[PDB]
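First up is the structure itself, then whatever we jot down about it.
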Amino acid sequence: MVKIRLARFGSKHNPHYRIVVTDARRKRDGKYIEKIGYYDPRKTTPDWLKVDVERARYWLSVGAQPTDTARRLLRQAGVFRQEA
Amino acid sequence: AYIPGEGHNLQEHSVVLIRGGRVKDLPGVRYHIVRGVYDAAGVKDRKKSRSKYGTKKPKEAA
Amino acid sequence: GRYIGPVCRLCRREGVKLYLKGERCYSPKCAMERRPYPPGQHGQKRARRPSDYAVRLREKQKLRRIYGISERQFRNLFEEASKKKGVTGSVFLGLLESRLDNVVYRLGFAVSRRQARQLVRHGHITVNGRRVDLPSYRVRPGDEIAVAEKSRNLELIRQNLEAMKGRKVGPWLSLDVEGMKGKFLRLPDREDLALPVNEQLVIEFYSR
Amino acid sequence: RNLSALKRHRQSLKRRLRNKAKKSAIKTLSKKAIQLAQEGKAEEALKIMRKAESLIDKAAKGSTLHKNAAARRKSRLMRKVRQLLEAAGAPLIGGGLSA
Amino acid sequence: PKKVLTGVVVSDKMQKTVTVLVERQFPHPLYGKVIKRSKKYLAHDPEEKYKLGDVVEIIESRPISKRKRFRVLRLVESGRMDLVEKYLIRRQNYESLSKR
RNA sequence: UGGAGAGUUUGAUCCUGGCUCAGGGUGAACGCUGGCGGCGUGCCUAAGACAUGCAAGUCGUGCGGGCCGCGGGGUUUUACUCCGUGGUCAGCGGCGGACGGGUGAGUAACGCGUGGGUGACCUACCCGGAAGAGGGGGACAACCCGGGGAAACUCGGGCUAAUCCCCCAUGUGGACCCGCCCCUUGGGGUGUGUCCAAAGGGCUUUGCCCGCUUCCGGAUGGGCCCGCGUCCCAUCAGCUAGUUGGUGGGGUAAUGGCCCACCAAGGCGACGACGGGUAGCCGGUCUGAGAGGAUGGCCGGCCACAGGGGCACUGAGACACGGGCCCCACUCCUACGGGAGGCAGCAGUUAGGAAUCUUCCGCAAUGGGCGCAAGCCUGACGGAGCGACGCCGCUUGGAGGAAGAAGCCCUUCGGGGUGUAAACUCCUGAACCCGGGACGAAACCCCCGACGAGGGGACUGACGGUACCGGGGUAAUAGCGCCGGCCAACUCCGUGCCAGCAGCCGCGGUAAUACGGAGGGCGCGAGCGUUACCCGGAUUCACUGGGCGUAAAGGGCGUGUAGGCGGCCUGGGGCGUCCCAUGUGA
Ligand SMILES: [Mg+2]
Ligand SMILES: [Mg+2]
Ligand SMILES: [Mg+2]
Ligand SMILES: [Mg+2]
Ligand SMILES: [Mg+2]
Ligand SMILES: [Mg+2]
Ligand SMILES: [Mg+2]
Ligand SMILES: [Mg+2]
Ligand SMILES: [Mg+2]
Ligand SMILES: [Mg+2]
Ligand SMILES: [Mg+2]
Ligand SMILES: [Mg+2]
Ligand SMILES: [Mg+2]
Ligand SMILES: [Mg+2]
Ligand SMILES: [Mg+2]
Ligand SMILES: [Mg+2]
Ligand SMILES: [Mg+2]
Ligand SMILES: [Mg+2]
Ligand SMILES: [Mg+2]
Ligand SMILES: [Mg+2]
Ligand SMILES: [Mg+2]
Ligand SMILES: [Mg+2]
Ligand SMILES: [Mg+2]
Ligand SMILES: [Mg+2]
Ligand SMILES: [Mg+2]
Ligand SMILES: [Mg+2]
Ligand SMILES: [Mg+2]
Ligand SMILES: [Mg+2]
Ligand SMILES: [Mg+2]
Ligand SMILES: [Mg+2]
Ligand SMILES: [Mg+2]
Ligand SMILES: [Mg+2]
Ligand SMILES: [Mg+2]
Ligand SMILES: [Mg+2]
Ligand SMILES: [Mg+2]
Ligand SMILES: [Mg+2]
Ligand SMILES: [Mg+2]
Ligand SMILES: [Mg+2]
Ligand SMILES: [Mg+2]
Ligand SMILES: [Mg+2]
Ligand SMILES: [Mg+2]
Ligand SMILES: [Mg+2]
Ligand SMILES: [Mg+2]
Ligand SMILES: [Mg+2]
Ligand SMILES: [Mg+2]
Ligand SMILES: [Mg+2]
Ligand SMILES: [Mg+2]
Ligand SMILES: [Mg+2]
Ligand SMILES: [Mg+2]
Ligand SMILES: [Mg+2]
Ligand SMILES: [Mg+2]
Ligand SMILES: [Mg+2]
Ligand SMILES: [Mg+2]
Ligand SMILES: [Mg+2]
Ligand SMILES: [Mg+2]
Ligand SMILES: [Mg+2]
Ligand SMILES: [Mg+2]
Ligand SMILES: [Mg+2]
Ligand SMILES: [Mg+2]
Ligand SMILES: [Mg+2]
Ligand SMILES: [Mg+2]
Ligand SMILES: [Mg+2]
Ligand SMILES: [Mg+2]
Ligand SMILES: [Mg+2]
Ligand SMILES: [Mg+2]
Ligand SMILES: [Mg+2]
Ligand SMILES: [Mg+2]
Ligand SMILES: [Mg+2]
Ligand SMILES: [Mg+2]
Ligand SMILES: [Mg+2]
Ligand SMILES: [Mg+2]
Ligand SMILES: [Mg+2]
Ligand SMILES: [Mg+2]
Ligand SMILES: [Mg+2]
Ligand SMILES: [Mg+2]
Ligand SMILES: [Mg+2]
Ligand SMILES: [Mg+2]
Ligand SMILES: [Mg+2]
Ligand SMILES: [Mg+2]
Ligand SMILES: [Mg+2]
Ligand SMILES: [Mg+2]
Ligand SMILES: [Mg+2]
Ligand SMILES: [Mg+2]
Ligand SMILES: [Mg+2]
Ligand SMILES: [Mg+2]
Ligand SMILES: [Mg+2]
Ligand SMILES: [Mg+2]
Ligand SMILES: [Mg+2]
Ligand SMILES: [Mg+2]
Ligand SMILES: [Mg+2]
Ligand SMILES: [Mg+2]
Ligand SMILES: [Mg+2]
Ligand SMILES: [Mg+2]
Ligand SMILES: [Mg+2]
Ligand SMILES: [Mg+2]
Ligand SMILES: [Mg+2]
Ligand SMILES: [Mg+2]
Ligand SMILES: [Mg+2]
Ligand SMILES: [Mg+2]
Ligand SMILES: [Mg+2]
Ligand SMILES: [Mg+2]
Ligand SMILES: [Mg+2]
Ligand SMILES: [Mg+2]
Ligand SMILES: [Mg+2]
Ligand SMILES: [Zn+2]
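Chains as they are written, first to last, in the deposited numbering: chain AS, 1 to 84; chain AO, 68 to 129; chain AG, 2 to 209; chain AW, 8 to 106; chain AT, 2 to 101.
What follows is the structure in structure tokens.
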């Protein structure tokens, strides 16, 4: 099924994952369906994360699927707080 | 093929390597021989342009 | 790596003082007030009308030999400068001065550029409070260049800073002599510093 | 010197021998109706044609026939029989045909 | 949208089928001179009504047959066997270029 | 926001014109030499052949057995079945193995690029909506027994489990025939007839969860078709029998001459058919002022192939690298009595070659599959390893230091040069020594709240004690090319058309700035050269941007086919052309 995961960028010993929506049968650094933010597991930038919640949950309404590690960020990004 | 420099050690069944580049004075020969390769030893007692002539750096004083 | 060896000979190959030495290339001569002629056996011999090429070659070596920087790193700049818009020629020296080892020579921390390199290299120089042992480092507006604590002494630093009293700094610099700190205020236009070098001839030499 | 997933093949045979046998039936059985509906016997034929319809649509519970397949079969089946019986025959049991 | 073209008919010697000859003017990518082209299609005509000279139209359609993926749209002006002339000459003259 | 020219035809001139150089580029190679780090990149050749290892498995929340345990049911001799938990190894069933990895052979074609079509279609797992999950039978492994073999193993006889198989029921719904309605290429709907479903397993069970079943949507991934674009030779000019159209069938998810019958005789080509040759295409890449030219290697998209061919099975999807059958060739085991294998997966071996690496570490991270979840596999991947192959950063030091030693060069023997260079005196002091030491990790999971939200807690690092931090701390690799002109850099000697240099023009005949060494100089620097190839200069295929009286070039002359081109006014159309708007051009 279509998933939401991390895609290594940047360089060696210097990750800069791109968070994106694409088919699970694609290569992790392949052609994705839609880019929706990034993340720096090194914390070496004020913008070490960013999400387009309006566009993110949409794929969830159509039935997406985040990784166990992509969840973490997604949840710890303020996209899961159901609210009322 | 041309053999550059002064004096060589090439007999009949000698191995060798081709370079490319004609002579001119010598019609019908458009290839030079790389020195200090296979059976082509560099020019002995060469002190100037050693890059070609496949001569290695000699010892100065002792 | 960088150049090493006879330098007063260059001082006089171009036929101009360039103060690559500390006191000497600045004392009575770069070995030239003695012998103001070119090195080599053919020194005291008349010269042949230098060709338009040899002129641009000479006027180039001059400039590069001044900052004592390899032909590598060197042309890289001109291209980066040339890449830009405006004048490039002026922009060029802009990128030349921005070097760390350069700022140090100007800010009197050292007398010679080659002495300034040893400083930056060994780690006796600072930048906004950082250990920057890289002479290639390019500096911008407001950058603070001081000495590190492990070094804020050394009988060689006090001498250099001391000599800097009774002397001024560029219209694009400012030194806190008594504190060991300096600042890069702005990029020095062609005016801000005059030199035996006609850039325009260096621009031509690169459009082979 | 291999993998145990060689099963898949070792299985895939059964599924083969399974829906192969299931299919040889449909063919010989789809014939009955054809032959009959060709020769008057509307009654006895229009019970083989309901059956045929079975085995066909029944088959769609596995990886034998699927998609518009069973549909294309009948489409040509319970349309071919109606044309045959149309010549003489005269209908007898719509048991399968919304005439 | 389904591609739509305007061409003339030169053949109907196929049971249910006609051959339409199309043209298109466009500048040369390197010399910019406005030039013409040509492409014969196999037009589907079930009710074989159209004949030669029929300056008609055609529409992109589902595969009728191999080589035949175009149905006929409408007439644009029948009775033009004049265009079918210069086309007939061309193929006519192709027996004068033979390397024999 | 972008453009340089020079050398060589003559005694000299102008022109034409070719050859040559300076420039940038490369998956490179070769010579001489070679210290550090970082980030890239590394079989272009034999898509030749490959030992060994590894590269896809997973679920006991589908079943029965295996022994092993294991706390331990209960009694007519080595424990017992009873239990549960397991631990499981194989067997049954489920999911994946069609993704991910490699290669460029083939293909000049709807393969690709770009824009569209499908009222001619499929799509498992995922999401949403509606309805269901009623009963009744059966098989094969496992296992016991039997045969053959050296093996591969194989067959044979008889039991048994289920989410395995079968039948009936139920039909929310779906499927097809006909009529009808709307739309209108088989789209939606209607009526009537007939056909069609299911699966249980685990529980902090009596309520949830993990699944099952049919349908209508969502999403994603596709298939098929179409317009335009896609190299060289016309010294390949004619090609075609399923060939072109038809009818009707077979076939598929479905169109199609895809396949098969029969009907007709068509279909294609100088707008280059057919044929031979070369080639995987694009994003991009290199060069260029530009337009162009060249290129498709790493990374990304598509295609194709998986020893050479053919084929079908299973399946949602393959005609399937690590799945199967057959033929071929090749190779290997063998007690020869017979069987085995497919590196263009990761490394490595071998051959070929001018030439291209470790038979390394780790699943810590990211991604993938299986699972309720721990957890499991993962030569994808993260890293480390080798190669100045590339770009980048870094070092072999810094100040002072003589009217300026020695040595070696020239010399008119007065002197000039190497040269602040060294020495020498101070200064710092990369490497190394000691301690410290990571960011990369947070979730999944656990408790609270209902496993929702939220909060809290905990786990895990391959790289490796590595980057980096402190301090201690030593002056510590320099090589290569050129110095006739183009083109930057000159003297002595040796040599005497010899030995030799050479991109071009040309150097050497006893005074050679052109050979060979030396001194000195110019140019670069862990590089410097060489060879080869692409663009540039070449405006030298000239679209931008050239020529044909004598420099290469007007057909020997007409007639004329196709083709290109076309006079003054006015109207319709608005193809070309032009503006705006919008989509696409990741
Ligand atoms: Mg895919
Ligand atoms: Mg979470
Ligand atoms: Mg500018
Ligand atoms: Mg230039
Ligand atoms: Mg079912
Ligand atoms: Mg099937
Ligand atoms: Mg010239
Ligand atoms: Mg002449
Ligand atoms: Mg002459
Ligand atoms: Mg010319
Ligand atoms: Mg070159
Ligand atoms: Mg290549
Ligand atoms: Mg090989
Ligand atoms: Mg071979
Ligand atoms: Mg377990
Ligand atoms: Mg595969
Ligand atoms: Mg792949
Ligand atoms: Mg490889
Ligand atoms: Mg690779
Ligand atoms: Mg061909
Ligand atoms: Mg062709
Ligand atoms: Mg036995
Ligand atoms: Mg039996
Ligand atoms: Mg039973
Ligand atoms: Mg039933
Ligand atoms: Mg309908
Ligand atoms: Mg049932
Ligand atoms: Mg159980
Ligand atoms: Mg495909
Ligand atoms: Mg048909
Ligand atoms: Mg199929
Ligand atoms: Mg057909
Ligand atoms: Mg048909
Ligand atoms: Mg036929
Ligand atoms: Mg002709
Ligand atoms: Mg054409
Ligand atoms: Mg042609
Ligand atoms: Mg061919
Ligand atoms: Mg090829
Ligand atoms: Mg291109
Ligand atoms: Mg580019
Ligand atoms: Mg440009
Ligand atoms: Mg271009
Ligand atoms: Mg190409
Ligand atoms: Mg490759
Ligand atoms: Mg690739
Ligand atoms: Mg092979
Ligand atoms: Mg698929
Ligand atoms: Mg496979
Ligand atoms: Mg296969
Ligand atoms: Mg395939
Ligand atoms: Mg394999
Ligand atoms: Mg093997
Ligand atoms: Mg390998
Ligand atoms: Mg290897
Ligand atoms: Mg060899
Ligand atoms: Mg590697
Ligand atoms: Mg892992
Ligand atoms: Mg994982
Ligand atoms: Mg799980
Ligand atoms: Mg394994
Ligand atoms: Mg491993
Ligand atoms: Mg790797
Ligand atoms: Mg290195
Ligand atoms: Mg080398
Ligand atoms: Mg002196
Ligand atoms: Mg001296
Ligand atoms: Mg010194
Ligand atoms: Mg000390
Ligand atoms: Mg410690
Ligand atoms: Mg874990
Ligand atoms: Mg928490
Ligand atoms: Mg926490
Ligand atoms: Mg340490
Ligand atoms: Mg230290
Ligand atoms: Mg020293
Ligand atoms: Mg040179
Ligand atoms: Mg030069
Ligand atoms: Mg000169
Ligand atoms: Mg001579
Ligand atoms: Mg002579
Ligand atoms: Mg020489
Ligand atoms: Mg002499
Ligand atoms: Mg002479
Ligand atoms: Mg020379
Ligand atoms: Mg010489
Ligand atoms: Mg010298
Ligand atoms: Mg010299
Ligand atoms: Mg090189
Ligand atoms: Mg240029
Ligand atoms: Mg022109
Ligand atoms: Mg001309
Ligand atoms: Mg004329
Ligand atoms: Mg003449
Ligand atoms: Mg003439
Ligand atoms: Mg004439
Ligand atoms: Mg004429
Ligand atoms: Mg004639
Ligand atoms: Mg004529
Ligand atoms: Mg005419
Ligand atoms: Mg006209
Ligand atoms: Mg007109
Ligand atoms: Mg008009
Ligand atoms: Mg637009
Ligand atoms: Zn000086």
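Think of the CB as a built atom: it goes at the ideal place given N, C-alpha and C, for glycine as much as any other residue.
*Of the listed residues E156/AG, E205/AG, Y138/AG, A111/AG, nearest to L21/AG (C-alpha basis)*: Here residue 21/AG refers to the residue found at position 20 of the third sequence. The closest CA to that of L21/AG, considering only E156/AG, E205/AG, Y138/AG, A111/AG, is found on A111/AG.
*Going by DSSP, name the residue or residues bridged to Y42/AT.*
Numbered from 1 along the fifth sequence, position 41 holds the residue referred to as residue 42/AT. Residue pairing by DSSP puts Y42/AT in a beta bridge opposite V21/AT.
*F185/AG and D134/AG: beta carbons closer than 8 Å?*
As a working mapping, residue 185/AG is identified with position 184 in the third sequence. As a working mapping, residue 134/AG is identified with position 133 in the third sequence. No. Outside cutoff.
*What whole-angstrom Cβ distance do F80/AS and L73/AS have, given they're in contact under 8 Å?*
Working through the first sequence from its first residue, we reach residue 80/AS at position 80. Working through the first sequence from its first residue, we reach residue 73/AS at position 73. The beta-carbon separation of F80/AS and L73/AS, rounded to 11 Å, does not stay under the 8 Å limit for a contact.
_Residues near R153/AG in its chain [Cβ-Cβ closer than 7 Å; skip 5 each side]_ = On the third sequence, position 152 is the one that residue 153/AG refers to. Within the same chain, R153/AG has close Cβ partners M181.
*Take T89/AG and list the residues in its own chain whose beta-carbon comes closer than 6 Å to its own, dropping the five residues that flank it on each side.*
Translated into positions along the third sequence, residue 89/AG becomes position 88. Result list for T89/AG: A82, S83, in chain order.
*By a C-beta neighbour count over all protein chains shown, 10 Å radius and 16 as the cutoff for buried, is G95/AG buried or exposed?*
Position 94 of the third sequence, counted from the start, is the residue given in the question as residue 95/AG. By the neighbour-count definition (other C-beta atoms within 10 Å, threshold 16), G95/AG is a buried residue.
*By Cβ distance, which residues of its chain are closer than 7 Å to residue 88/AS, with the 5 residues on each side in sequence left out?*
Nothing about residue 88/AS can be read from this structure; chain AS reaches only from 1 to 84.
*Does the segment 168-180 of chain AG come close enough to the segment 116-127 of chain AG to have 3 or more Cβ pairs within less than 8 Å?*
The segment 168-180 of chain AG, when compared against the segment 116-127 of chain AG, does not touch it at the 8 Å Cβ threshold.
*Give the C-beta separation of residue 110/AT and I90/AT to the nearest angstrom, bearing in mind that I take them to be a contact with Cβ-Cβ under 8 Å.*
Absent from the model: residue 110/AT. The displayed extent of chain AT is 2 to 101, so no value can be given.
*DSSP three-state call for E61/AT: helix, strand or coil?*
By 1-based counting over the fifth sequence, the position of residue 61/AT is 60. Note: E61/AT maps to strand in three-state DSSP.
*Using beta-carbon positions only, say whether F71/AT and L43/AT come within less than 8 Å of one another.*
On the fifth sequence, residue 71/AT is found 70 positions in, with the first residue counted as 1. On the fifth sequence, residue 43/AT is found 42 positions in, with the first residue counted as 1. Result yes, Cβ atoms of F71/AT and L43/AT sit closer than 8 Å.
*asked:* Taking the beta carbon of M56/AW as the centre, do at least 16 other beta carbons fall within 10 Å, making it buried, or is it exposed?
replied: Taking the first residue of the fourth sequence as position 1, residue 56/AW is located at position 49. Result: buried.
*asked:* Could you tell me the alpha carbon to alpha carbon distance between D64/AW and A77/AW, rounded to whole angstroms?
replied: What you label residue 64/AW is simply residue 57 of the fourth sequence in a count that begins at 1. What you label residue 77/AW is simply residue 70 of the fourth sequence in a count that begins at 1. Pairing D64/AW with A77/AW, the inter-Cα distance amounts to about 6 Å.
*Please classify residue 4/AW: is it buried, with 16 or more other beta-carbons within 10 angstroms of its beta-carbon, or exposed?*
Any answer about residue 4/AW is impossible in this case: the structure gives chain AW only from 8 up to 106.
_Can you tell me where the beta strand (DSSP E) holding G8/AT begins and where it ends?_
In the fifth sequence, residue 8/AT corresponds to position 7, counting from 1. Looking at the DSSP string, the run of the beta strand (DSSP E) that includes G8/AT is 5-15.
*Name the two residues that bound the continuous beta strand (DSSP E) containing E60/AG.*
The residue given as residue 60/AG occupies position 59 in the third sequence. Membership of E60/AG in any beta strand (DSSP E) is not indicated; the residue belongs instead to the alpha helix (DSSP H) covering 53-68.
*Of the listed residues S11/AS, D47/AS, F9/AS, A24/AS, nearest to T67/AS (C-alpha basis)*: In the first sequence, residue 67/AS corresponds to position 67, counting from 1. Of the residues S11/AS, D47/AS, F9/AS, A24/AS, the one whose Cα lies closest to the Cα of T67/AS is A24/AS.
*Count the other CB atoms within 10 Å of the CB of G109/AG; is the residue buried (16 or more) or exposed (fewer)?*
As a working mapping, residue 109/AG is identified with position 108 in the third sequence. So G109/AG counts as buried.
*Does the Cβ of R100/AG have 16 or more other Cβ atoms within 10 Å, making it buried, or fewer, making it exposed?*
Your numbering for residue 100/AG matches position 99 in the third sequence. Its Cβ being crowded by 16 or more others within 10 Å, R100/AG is buried.
*Given a threshold of 16 other Cβ atoms within 10 Å of its Cβ, counted over all protein chains shown, does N9/AW qualify as buried or as exposed?*
For the purposes of this step, residue 9/AW is taken as the residue at position 2 of the fourth sequence. Counting Cβ neighbours within 10 Å, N9/AW comes out exposed, since fewer than 16 surround it.
*Pick out whichever of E34/AS, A70/AS, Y58/AS, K12/AS has its Cα sitting closest to the Cα of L49/AS.*
Numbered from its first residue, the first sequence carries residue 49/AS at position 49. It is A70/AS.
*Taking 8 Å as the cut-off, decide whether the C-beta atoms of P15/AS and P41/AS are in contact.*
One-based indexing of the first sequence puts residue 15/AS at position 15. One-based indexing of the first sequence puts residue 41/AS at position 41. At a Cβ-Cβ threshold of 8 Å, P15/AS and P41/AS count as neighbours.
*Would you decide whether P125/AO is buried or exposed? Buried here means 16 or more other CB atoms lie within 10 Å of its CB.*
The sequence position of residue 125/AO within the second sequence is 58, counting from 1. With fewer than 16 other CB atoms across the displayed protein chains lying within 10 angstroms of its CB, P125/AO is exposed.
_Nearest candidate by alpha-carbon position, reference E150/AG, set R131/AG, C12/AG, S208/AG, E163/AG_ = Taking the first residue of the third sequence as 1, we reach residue 150/AG at position 149. Closest by alpha carbon: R131/AG.
*Mind checking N75/AW: buried by the 16 CB within 10 Å criterion, or exposed?*
To locate residue 75/AW, count along the fourth sequence from 1; it is residue 68. Exposed, by the Cβ-count rule.
_Please state the DSSP three-state secondary structure of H99/AO._
Here the question's residue 99/AO lines up with position 32 in the second sequence. Of the three classes helix, strand and coil, the one that applies to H99/AO here is strand, per DSSP.
_Does the segment 70-80 of chain AG come into contact with the segment 28-40 of chain AG, if we say contact requires no fewer than three beta-carbon pairs (one atom in each stretch) closer than 8 Å?_
No, the segment 70-80 of chain AG does not touch the segment 28-40 of chain AG.
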